[PDB]
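Written out below as structure tokens is the structure these notes cover.
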Amino acid sequence: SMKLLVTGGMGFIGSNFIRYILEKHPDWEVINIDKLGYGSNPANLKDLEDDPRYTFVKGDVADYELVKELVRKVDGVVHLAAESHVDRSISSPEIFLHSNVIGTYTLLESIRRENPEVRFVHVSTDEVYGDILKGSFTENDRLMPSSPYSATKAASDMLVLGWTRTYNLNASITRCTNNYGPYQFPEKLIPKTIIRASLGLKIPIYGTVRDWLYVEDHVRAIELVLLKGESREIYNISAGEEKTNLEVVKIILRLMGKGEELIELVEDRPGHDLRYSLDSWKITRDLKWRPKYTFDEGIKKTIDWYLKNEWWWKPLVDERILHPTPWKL
Amino acid sequence: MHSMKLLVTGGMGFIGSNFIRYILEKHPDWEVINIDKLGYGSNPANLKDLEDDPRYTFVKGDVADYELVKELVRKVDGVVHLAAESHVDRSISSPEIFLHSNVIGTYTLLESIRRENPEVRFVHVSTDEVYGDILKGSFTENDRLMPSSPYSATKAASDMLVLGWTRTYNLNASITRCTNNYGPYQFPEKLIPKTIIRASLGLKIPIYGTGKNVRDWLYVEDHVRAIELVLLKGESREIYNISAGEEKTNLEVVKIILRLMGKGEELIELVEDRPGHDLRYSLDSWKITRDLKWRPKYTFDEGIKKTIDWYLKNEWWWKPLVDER
Ligand SMILES: NC(=O)c1ccc[n+]([C@@H]2O[C@H](COP(=O)([O-])OP(=O)(O)OC[C@H]3O[C@@H](n4cnc5c(N)ncnc54)[C@H](O)[C@@H]3O)[C@@H](O)[C@H]2O)c1
Ligand SMILES: NC(=O)c1ccc[n+]([C@@H]2O[C@H](COP(=O)([O-])OP(=O)(O)OC[C@H]3O[C@@H](n4cnc5c(N)ncnc54)[C@H](O)[C@@H]3O)[C@@H](O)[C@H]2O)c1
């Protein structure tokens with residue numbers, strides 16, 4: 001038995017985490033605090049809404065008065081809440097400083113002021129390290145954020161490290177690569193590709209890597225870090241499946257029992273030239289974490305989910321996404 | 001780069017004041033605008049002697065005050081960011097002021113730069129405390145951070161914002177991380193000034209815990225020289241560690257001072273206190289030495305003698321700063 005406070009639970013990874021957690025732990029309870037902003041989708045958890053072990057609290061993690069009350073009553077806290085739209089972070093960084101930095105600060109304060117013994121897991125990104133042409137970053141390498149989004153995520157990581165040592169908290173930090181799977185919004189590469197291909201639409205590919213991690217595997221890692229991770233430690237999480245968009249697309253089509261005629265290579269486009277790579281040996285060695293699904297198995301499960309849940313993504317797709325020739329406008 | 005106008009934040013502080021005096025003294029056609037909120041660590045007397053110089057102007061305000069700082073940032077050619085809440089113990093007691101000044105303050109200044117003067121030369125001044133403890137060896141700019149207090153955590157958070165903003169808005173900015181400064185104008189509460197003052201009064205010397213804490217000691221003037229070098233020749237998006245290579249335990253520092261002052265090591269009495277303080281801090285400053293040719297102009301031996309002398313000759317300064325404690 002363990003009561004968990006999951007922030008940003010109405011989002012992509014948060015929802016997957018909550019469903020997984022309640023399914024694997026009959027006696028656990030979850031309180032989901034989500035502000036219902038960018039990326040949130042109540043539909044993600046509508047079938048669990050009334051499960052007695054689940055409670056939804058609409059609010060901002062930056063709301064100390066509200067957050068302290070929730071932190072006071074749980075055994076663990078899994079922090080997924082954040083603003084993560086890069087281009088949006090470049091236009092209006094304020095949004096990111098508030099949710100990513102102030103929000104994490106507020107959670108840390110509520111934890112050390114109300115319940116310093118609570119188990120805290122801070123979820124972060126592989127983007128904090130910046131790009132790398134060859135090799136992979138370990139948790140002992142410096143950070144080099146290239147956007148307000150990653151800079152604010154990086155800033156939040158630093159506060160967690162500091163508060164943990166200052167107030168002797170029981171907190172760990174996780175950093176993962178690109179997630180894919182159920183409940184990911186339609187314009188993301190993999191979902192967009194599956195949707196468009198099922199509709200016989202051309203899949204653009206600008207000018208012929210990134211590590212791809214099946215969301216459930218990320219979820220399993222977080223669970224492991226929650227129950228066995230050591231305080232004051234950062235844990236990189238990666239599947240070691242670095243592929244280019246063309247590679248991803250070719251595999252999706254194959255697994256959809258199709259041909260590659262849908263691939264339309266157009267002229268190249270800006271700022272998609274960087275490689276991100278995480279060395280996840282630490283978590284492998286210490287917590288024995290290993291991916292449970294291969295890229296093929298994860299994509300196959302992702303294909304099946306999107307084809308059977310048109311009810312979910314359909315309301316979310318616009319016109320850019322279903323457009324015959326989107327690479328033109 | 002001649003005729004350069006500078007906005008110095010936190011200029012009413014220990015390092016800030018030393019920096020301002022040095023720069024105005026060294027560059028006859030430069031100008032300085034000092035913005036300081038007059039909070040902890042502030043002392044107007046530090047610059048009372050040049051406060052009327054035509055090239056100097058003081059502005060009372062917080063760097064977190066966007067409307068006020070934006071106007072100053074727009075008209076200068078360089079920004080040296082020193083302002084910050086830098087007291088470790090106060091940060092543990094009440095971290096809020098540290099989040100505000102260190103994180104919010106830096107964020108606001110960064111916004112002023114990107115929006116009103118993206119071409120200004122910015123130097124963000126930070127600390128060796130961001131890397132945390134290290135038993136053996138030294139940290140390079142390529143090593144992870146591991147702040148152990150709210151003070152160093154918020155300073156570390158500020159460093160990260162600077163890196164991200166610089167790459168996002170193509171700014172001309174660098175970060176500096178130095179070790180323990182010592183020298184003229186440091187408050188009596190600090191180790192070296194306190195030891196000198198106590199010793200000059202035949203009073204016993206309070207060392208903390210066991211005084212085995214290891215720190216690199218950098219003469220404030222060598223630190224400002226390093227800052228000047230980074231300002232004028234440092235590369236954007238680069239971090240520069242600054243260390244003297246004078247690592248000593250607190251006990252060692254005290255014994256040195258006593259010897260040079262003519263007192264006995266019997267005045268030494270360890271008092272116990274050690275919450276959020278760390279055993280050893282050590283920075284590898286090879287980068288700045290190799291690229292910018294920076295090296296300490298004074299050894300610790302020469303620096304501590306200049307310091308001892310300054311305090312004995314300037315009681316007028318620390319007199320009203322000494323409390324009952
Ligand atoms: N999606 C990925 O591939 C990926 C990769 C690496 C790291 N991450 C990290 O994992 C975490 C979860 O991201 P996600 O992909 O599920 O994104 P998401 O955008 O789908 O959802 C974020 C959720 O958090 C909520 N939220 C945002 N700010 C909040 C605030 N201040 N208070 C309360 N709720 C708030 C939103 O309303 C939303 O439900 C983030 O911290 C992100 O940085 C995601
Ligand atoms: N003293 C050291 O040994 C040392 C070592 C490494 C790094 N540093 C760094 O050097 C810088 C200067 O520190 P210092 O030692 O002179 O400390 P200090 O405490 O003596 O002075 C700090 C100054 O900044 C001002 N200030 C604080 N917050 C402000 C805000 N929001 N707006 C405007 N002014 C503000 C104060 O009023 C004060 O005059 C800091 O960034 C610190 O982190 C100092």
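To be explicit about the labels: the chains of the structure tokens are called A, B, and onward in the order shown, and within each one the residues are counted from 1, while ligands get numbers from 1 in the order they are shown.
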Using only C-alpha atoms and all ligand atoms, find each protein or nucleic acid residue lying at most 7 Å from ligand 1; present the set as a VMD selection string. chain A and resid 7 to 14 33 to 41 59 to 62 80 to 84 98 to 100 103 123 to 126 153 175 to 180
Near residue 6 in chain B, within 6 Å and counting only C-alpha atoms, which residues show up once chain neighbours fewer than 6 positions away are dropped, as an NGL selection string? :B and (32 or 76 or 78-79)
So which residues are near ligand 2, meaning at most 6 Å away with only C-alpha atoms and all ligand atoms counted, given back as a PyMOL selection string? chain B and resi 9-16+35-42+61-64+82-86+101+105+125-127+178-181
Export C-alpha atoms of the chosen residues as a short mmCIF file (atom, residue, chain, number, x, y, z; two decimals), in the first residue's frame?
```cif
data_model
loop_
_atom_site.label_atom_id
_atom_site.label_comp_id
_atom_site.auth_asym_id
_atom_site.auth_seq_id
_atom_site.Cartn_x
_atom_site.Cartn_y
_atom_site.Cartn_z
CA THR B 9 24.93 44.51 -10.56
CA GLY B 10 25.52 44.05 -6.85
CA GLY B 11 28.26 46.66 -6.99
CA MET B 12 27.71 47.66 -3.37
CA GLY B 13 28.93 44.25 -2.24
CA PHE B 14 32.32 42.78 -1.35
CA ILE B 15 33.43 41.66 -4.81
CA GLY B 16 31.24 44.13 -6.66
CA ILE B 35 22.51 48.79 -9.54
CA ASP B 36 22.13 47.39 -6.04
CA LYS B 37 19.11 46.83 -3.78
CA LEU B 38 21.13 47.53 -0.63
CA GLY B 39 20.29 44.19 0.96
CA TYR B 40 22.42 41.72 2.90
CA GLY B 41 26.10 42.25 2.21
CA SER B 42 25.60 45.79 0.95
CA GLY B 61 16.95 48.74 -7.27
CA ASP B 62 16.49 45.01 -7.72
CA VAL B 63 17.62 43.26 -10.90
CA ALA B 64 14.23 41.54 -10.69
CA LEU B 82 27.42 40.01 -9.36
CA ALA B 83 24.24 40.74 -7.38
CA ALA B 84 22.90 37.75 -5.49
CA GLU B 85 21.97 36.51 -2.04
CA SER B 86 25.16 34.63 -1.17
CA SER B 101 17.42 37.26 -6.30
CA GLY B 105 16.80 38.18 -10.74
CA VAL B 125 29.40 35.64 -11.97
CA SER B 126 28.93 32.34 -10.16
CA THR B 127 30.55 30.03 -7.56
CA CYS B 178 35.47 31.36 -8.71
CA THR B 179 36.58 30.11 -5.31
CA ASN B 180 36.55 31.78 -1.88
CA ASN B 181 37.46 35.43 -2.22
#
```
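Among the candidates B:5, B:295, B:90, B:204, the residue lying nearest to residue 27 in chain B is B:5 (atoms considered: only C-alpha atoms).
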Using only C-alpha atoms, find each residue in chain A having at least one atom no more than 8 Å away from chain B; report its shortest atom-to-atom pair and that distance in Å (one decimal), rows by chain then rising number, as a tab-separated table.
```
residue	atom	partner	partner_atom	distance
A:90	CA	B:168	CA	7.1
A:139	CA	B:144	CA	7.3
A:140	CA	B:144	CA	5.0
A:141	CA	B:144	CA	4.7
A:142	CA	B:144	CA	4.0
A:143	CA	B:144	CA	6.8
A:144	CA	B:163	CA	6.4
A:145	CA	B:164	CA	4.9
A:146	CA	B:164	CA	4.7
A:147	CA	B:164	CA	5.1
A:148	CA	B:164	CA	5.7
A:150	CA	B:164	CA	7.3
A:151	CA	B:164	CA	4.9
A:152	CA	B:161	CA	6.6
A:154	CA	B:160	CA	6.3
A:155	CA	B:157	CA	4.1
A:156	CA	B:157	CA	7.0
A:158	CA	B:153	CA	5.6
A:159	CA	B:153	CA	5.2
A:161	CA	B:146	CA	6.3
A:162	CA	B:148	CA	4.7
A:163	CA	B:150	CA	6.3
A:164	CA	B:148	CA	8.0
A:165	CA	B:148	CA	5.3
A:166	CA	B:149	CA	5.2
```
Range 76-78 of chain A surroundings by only C-alpha atoms, 7 Å radius, close-in-sequence under 3 positions cut, as JSON, numbers by chain: {"A": [3, 4, 5, 6, 7, 118, 119, 120, 121, 122]}
Students should find that CA of residue 299 in chain B and CA of residue 18 in chain B are spaced 18.2 Å
Selection: 7 Å around range 203-214 of chain A, only C-alpha atoms, excl. self and same-chain fewer than 2 positions, as number ranges by chain: A: 177-181, 193, 196, 201, 216-218, 238-244, 246, 262-269, 275-277, 298, 327
Residues of the last selection are to be written out with C-alpha atoms, as a PDB file, in the first residue's frame.
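Written file, selection.pdb:
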```pdb
ATOM      1  CA  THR A 177      14.681  10.180 -24.263  1.00  0.00           C
ATOM      2  CA  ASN A 178      11.720  10.447 -26.642  1.00  0.00           C
ATOM      3  CA  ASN A 179       8.576   8.619 -25.501  1.00  0.00           C
ATOM      4  CA  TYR A 180       6.017   7.085 -27.867  1.00  0.00           C
ATOM      5  CA  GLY A 181       2.939   4.936 -27.369  1.00  0.00           C
ATOM      6  CA  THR A 193       2.755   8.759 -39.336  1.00  0.00           C
ATOM      7  CA  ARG A 196      -1.746   9.533 -42.097  1.00  0.00           C
ATOM      8  CA  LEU A 201      -1.776  10.141 -47.038  1.00  0.00           C
ATOM      9  CA  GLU A 216       5.406   1.770 -20.790  1.00  0.00           C
ATOM     10  CA  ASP A 217       9.158   1.081 -20.505  1.00  0.00           C
ATOM     11  CA  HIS A 218       9.705   4.638 -19.281  1.00  0.00           C
ATOM     12  CA  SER A 238      17.156   5.270 -22.671  1.00  0.00           C
ATOM     13  CA  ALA A 239      16.378   2.275 -24.855  1.00  0.00           C
ATOM     14  CA  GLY A 240      19.447   2.443 -27.064  1.00  0.00           C
ATOM     15  CA  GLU A 241      17.212   2.639 -30.139  1.00  0.00           C
ATOM     16  CA  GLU A 242      18.617   5.654 -31.960  1.00  0.00           C
ATOM     17  CA  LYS A 243      16.957   6.141 -35.315  1.00  0.00           C
ATOM     18  CA  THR A 244      16.303   8.816 -37.917  1.00  0.00           C
ATOM     19  CA  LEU A 246      13.110   7.936 -42.198  1.00  0.00           C
ATOM     20  CA  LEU A 262       3.779   6.804 -49.133  1.00  0.00           C
ATOM     21  CA  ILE A 263       7.239   8.180 -48.400  1.00  0.00           C
ATOM     22  CA  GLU A 264       7.658  11.586 -50.035  1.00  0.00           C
ATOM     23  CA  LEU A 265      11.080  13.046 -49.559  1.00  0.00           C
ATOM     24  CA  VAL A 266      10.912  16.840 -49.909  1.00  0.00           C
ATOM     25  CA  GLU A 267      13.436  19.662 -49.577  1.00  0.00           C
ATOM     26  CA  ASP A 268      15.171  20.012 -46.218  1.00  0.00           C
ATOM     27  CA  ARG A 269      13.994  22.073 -43.244  1.00  0.00           C
ATOM     28  CA  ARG A 275      21.582  14.301 -31.973  1.00  0.00           C
ATOM     29  CA  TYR A 276      20.650  13.630 -28.352  1.00  0.00           C
ATOM     30  CA  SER A 277      21.983  10.532 -26.631  1.00  0.00           C
ATOM     31  CA  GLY A 298       6.594  -0.989 -29.141  1.00  0.00           C
ATOM     32  CA  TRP A 327       5.166  20.298 -46.670  1.00  0.00           C
TER      33      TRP A 327
END
```
Using only C-alpha atoms, find the one residue out of A:149, A:56, A:281, A:167 that sits nearest to residue 95 in chain A. A:149
Using DSSP on the backbone, list every residue of range 44-101 of chain B that comes out as strand (DSSP E or B), and give them as a JSON list (two decimals) with N, CA and C atoms, in the first residue's frame.
```json
[["chain", "number", "residue", "atom", "x", "y", "z"],
["B", 56, "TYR", "N", 30.89, 57.38, -12.64],
["B", 56, "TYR", "CA", 30.15, 56.47, -11.79],
["B", 56, "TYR", "C", 28.76, 56.97, -11.43],
["B", 57, "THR", "N", 27.81, 56.05, -11.40],
["B", 57, "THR", "CA", 26.44, 56.38, -11.05],
["B", 57, "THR", "C", 25.78, 55.19, -10.37],
["B", 58, "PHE", "N", 25.15, 55.46, -9.24],
["B", 58, "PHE", "CA", 24.49, 54.41, -8.49],
["B", 58, "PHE", "C", 22.97, 54.45, -8.66],
["B", 59, "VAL", "N", 22.38, 53.26, -8.81],
["B", 59, "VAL", "CA", 20.94, 53.13, -8.97],
["B", 59, "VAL", "C", 20.45, 52.10, -7.96],
["B", 60, "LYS", "N", 19.61, 52.53, -7.03],
["B", 60, "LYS", "CA", 19.08, 51.61, -6.03],
["B", 60, "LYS", "C", 17.90, 50.86, -6.63],
["B", 78, "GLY", "N", 28.30, 46.53, -21.73],
["B", 78, "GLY", "CA", 28.60, 45.30, -21.02],
["B", 78, "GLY", "C", 27.85, 45.21, -19.71],
["B", 79, "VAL", "N", 27.59, 43.98, -19.28],
["B", 79, "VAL", "CA", 26.89, 43.72, -18.03],
["B", 79, "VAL", "C", 27.67, 42.67, -17.23],
["B", 80, "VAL", "N", 28.04, 43.02, -16.00],
["B", 80, "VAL", "CA", 28.77, 42.12, -15.12],
["B", 80, "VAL", "C", 27.80, 41.86, -13.96],
["B", 81, "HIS", "N", 27.21, 40.67, -13.97],
["B", 81, "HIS", "CA", 26.21, 40.28, -12.97],
["B", 81, "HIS", "C", 26.79, 39.64, -11.70]]
```
